[PDB]
Every structure is written in C-alpha cells, then in structure tokens.
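A.B. asks: A single structure is presented below for examination.
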Amino acid sequence: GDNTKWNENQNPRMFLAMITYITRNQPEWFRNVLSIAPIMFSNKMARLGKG
Amino acid sequence: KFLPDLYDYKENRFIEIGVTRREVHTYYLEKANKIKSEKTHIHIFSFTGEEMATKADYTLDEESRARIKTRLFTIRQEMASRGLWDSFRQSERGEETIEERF
C-alpha cells in the first residue's frame, strides 16, 4: 500500500476525538493539557512563505 | 534526606522550624517521623506562646525566645484583630500537595 495525500486528508478535529478517548477517566488537568494541541491545530493559520 | 530550615555552626545540628496554631503535641510527632537516625534538632514555635524543643533543651536564649513568641503572638493577634484568624488556616497545612488547576 501507500496512502495518497496523507497529510491533507487528516483533520486535527479527529485527533481531538482520539486524545479525548485515549485519555478516558484520566484527571481533569491531564485530559485538558493534551487537548490544547489538537485544538490549536484545528485553528491553525499557515503563512504563505516569501512571495 | 528531608531539608532542614537553618543551620548552626556551633552545635552542628540541623534546624527544623515548626510554626503552629494547633496544639504543639500534634506537631512534635507529626514532624518527627521520616527524619530520625539523624541529628536534626526539632523545635516547635507557636502563635499562642507555647514552645517545644528536642529533649526540652532550648538552644535559643531567653530574650529571643520571648521576642519571637511575642511576635508570633503579634502575628496571632493581628490575624485575630483583622477578622480572619484560625478557621481557614487549618485546611492548607495538611493539604499542600499537587493540585494543578489547569
């Protein structure tokens, strides 16, 4: 196999779906601190390089 | 193994300071565990005016023992004359641990 367009067809919104689930019944601070990174990838804003 | 508070050069015994608003025979055996087989001097100060040392031998002299326990009483009275004196103080001295409100 190989996966075509592997990076565009992800979504960090289902990364947040995973790390909300693989931190089941974990403490509140710990489930929170892993959760910021799929949040601020799901609002990320790429620059457009030089020009 | 656990950190003392000060150190005297003459006696070469480490210094652990216990300040209480609770009765002193709480802290004489609360602070004594996990310390022993060592030469660490235990010496409890208090808001009230009482005091307890190791083997009832006071290293600190009379004028400075009477000065600190008065100032702790001045800490006790100004805490009492403020309007917020002892009840909320009782909770945190046993509850010091990892909280991490994130």
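Chain labels follow the order of the structure tokens: the first chain is A, the next B, and so on; residue numbering restarts at 1 in every chain, and ligands are counted from 1 in their shown order.
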Compute the chain B side of the contact with chain A at 12 Å, counting only C-alpha atoms, and hand it back as a ChimeraX atom specification.
C.D. replies: /B:98-102
A.B. asks: Name the residues in contact with range 36-41 of chain A at a cut-off of 12 Å, using only C-alpha atoms, excluding same-chain residues fewer than 4 positions from it; report them as a PDB file with C-alpha atoms, in the first residue's frame.
C.D. replies:
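Now in around38.pdb:
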```pdb
ATOM      1  CA  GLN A  10      -6.273  14.253   8.101  1.00  0.00           C
ATOM      2  CA  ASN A  11      -8.052  16.635  10.339  1.00  0.00           C
ATOM      3  CA  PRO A  12      -6.925  17.548  13.853  1.00  0.00           C
ATOM      4  CA  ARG A  13     -10.586  17.515  14.829  1.00  0.00           C
ATOM      5  CA  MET A  14     -10.496  13.751  14.879  1.00  0.00           C
ATOM      6  CA  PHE A  15      -7.113  13.913  16.560  1.00  0.00           C
ATOM      7  CA  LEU A  16      -9.031  15.607  19.347  1.00  0.00           C
ATOM      8  CA  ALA A  17     -11.546  12.784  19.053  1.00  0.00           C
ATOM      9  CA  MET A  18      -8.733  10.319  19.661  1.00  0.00           C
ATOM     10  CA  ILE A  19      -6.965  12.034  22.547  1.00  0.00           C
ATOM     11  CA  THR A  20     -10.274  12.682  24.244  1.00  0.00           C
ATOM     12  CA  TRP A  29      -5.798  18.713  34.177  1.00  0.00           C
ATOM     13  CA  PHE A  30      -4.203  15.923  32.174  1.00  0.00           C
ATOM     14  CA  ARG A  31      -7.014  15.468  29.682  1.00  0.00           C
ATOM     15  CA  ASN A  32      -7.034  19.217  29.317  1.00  0.00           C
ATOM     16  CA  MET A  45      -3.126  29.525  10.041  1.00  0.00           C
ATOM     17  CA  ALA A  46      -0.307  28.803   7.632  1.00  0.00           C
TER      18      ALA A  46
ATOM     19  CA  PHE B 102      -5.163  23.595  34.620  1.00  0.00           C
TER      20      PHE B 102
END
```
A.B. asks: What is the distance, in Å and to one decimal place, between CA of residue 16 in chain B and CA of residue 79 in chain B?
C.D. replies: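 CA of residue 79 in chain B lies at a distance of 24.0 Å from CA of residue 16 in chain B.
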A.B. asks: Any idea what the distance is between CA of residue 93 in chain B and CA of residue 61 in chain B?
C.D. replies: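 Interatomic distance here is 28.3 Å.
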A.B. asks: Leaving out range 31-47 of chain B and any residue of its chain fewer than 2 positions from it, which residues lie within 12 Å of it when counting only C-alpha atoms, given as a ChimeraX atom specification?
C.D. replies: /B:1-8,11-29,49-60,65-80,85-86,94
A.B. asks: Give the helix (DSSP H, G or I) residues of chain A, as DSSP finds them on the backbone, and put them as a ChimeraX atom specification.
C.D. replies: /A:12-21,28-33,36-39
A.B. asks: Enter the distance from CA of residue 96 in chain B to CA of residue 26 in chain A, in Å, rounded to one decimal.
C.D. replies: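 The value is 21.5 Å.
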